[PDB]
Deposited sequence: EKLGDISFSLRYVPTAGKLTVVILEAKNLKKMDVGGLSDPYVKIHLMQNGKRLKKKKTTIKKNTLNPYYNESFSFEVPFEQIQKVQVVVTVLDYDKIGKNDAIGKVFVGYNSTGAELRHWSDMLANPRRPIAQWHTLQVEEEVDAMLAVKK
C-alpha cells in the first residue's frame, strides 16, 4: 500500500543561519479510514533531541492537499550537517490520537533522493529548492534516524 508523496522546498541562508522549509503539497495519500484529514508536522532534530516543532493547517477530507505554508528554523552554519528535518503527514482525528500517514527526513545522514535534496540546498545557498519525496512507514524512518554517517 502506498502512503503518498510530499512536496516541499528547502532554503538555507548560511550567513544568518536560517533554514526555511515550505510544505507545498501532498498527493496520493493513503486513505486512513473507511477520506484522510492531512496536516504536516516538521521536527528539527539533533541526535535524538527535538530542537523545534512546527505544523501546517489541516485540510479536511482530501488525499491531495495543497498547503504552501512556510516555516523557519535557526540553525547555525557549524550545525547544519548535524541536524535532521523530519516531515510527517498525519490524519487529524477529532476524537482520538492523530495517526501518522507517512514520514520522511532530510539531513546529512539521509539517503538517496532525501540526501540529494539536502545536498542541493547546501550547494545553492539562499535559493529555495523544491522536490518531491516518497512517504515511508513511520517506524522505518524512526529506525534510520538513528544511523550516523
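No C-alpha positions are given for the deposited-sequence stretch 35-36, and it is the only one.
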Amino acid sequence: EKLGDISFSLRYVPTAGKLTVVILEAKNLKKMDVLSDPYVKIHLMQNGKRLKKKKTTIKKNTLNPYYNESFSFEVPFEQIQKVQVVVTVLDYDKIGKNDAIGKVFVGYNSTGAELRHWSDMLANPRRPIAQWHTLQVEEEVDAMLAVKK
From here on, numbers count along this sequence of modelled residues.
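Higher mean CA temperature factor between 65-73 and 87-95: 87-95, per the PDB entry. Between the stretches 50-58 and 110-118, it is 50-58 that shows the larger average CA temperature factor. Residue-level inspection of the entry shows that, of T134, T15, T20, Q131, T15 has the top Cα B-factor.
Sort the modelled residues of the chain by CA B factor and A26 lands in the lowest third. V104: CA B factor lies in the lowest third for its chain, per the PDB record. Annotation for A123: CA B-factor lies in the middle third of the chain's modelled residues. Remark: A143 belongs to the middle third of its chain, ranked by C-alpha B-factor as recorded. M32: CA B factor in the highest third of modelled residues in this chain (values from the PDB entry).
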